[PDB]
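Heads up, the chain below is alone and in the form deposited in one PDB entry; it's given as structure tokens.
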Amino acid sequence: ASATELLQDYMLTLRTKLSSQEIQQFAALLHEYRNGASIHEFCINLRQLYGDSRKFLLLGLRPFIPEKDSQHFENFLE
């Protein structure tokens, strides 16, 4: 896989821009979505937790979102 680097750069962004607590919170939501939660659900949760200052997080997450859900995630941008 050629996108192993693209994961590390995203991990790097999280490690470097998010507070420790915002990471645990995000990890938790991300685990729900991984484990069968809708995309609409996930996005609603993100929007309540991450305002303007955290766009990079949402953006950097886009390519990790599967195509069918990706359609809804992109419009979810402001």
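Throughout, rigid core stands for the largest set of C-alpha atoms superposing within 1.5 Å between the two forms. So that there is no doubt, residue numbering starts at 1 and follows the sequence shown. Only residues modelled in both forms are compared.
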Comparing 24 to 32 with 39 to 47, which stretch shows the greater average C-alpha B-factor in the deposited entry? 39 to 47
Looking only at CA atoms, which has the higher mean B factor in the entry: 51 to 59 or 8 to 16? 51 to 59
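Separately, the form deposited in another entry exists; it is not shown, and the next lines address it.
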Could you tell me whether the Cα atom of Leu14 shifts by at least 2 Å between this form and the one not shown after core superposition? yes
Core superposed first: is there a CA shift of 2 Å or greater at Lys55 between this form and the one not shown? yes
Please identify, after superposing on the rigid core, every run of 3 or more consecutive residues whose C-alpha atoms all shift by 2 Å or more between this form and the one not shown, listing them in sequence order. 1 to 19, 51 to 57
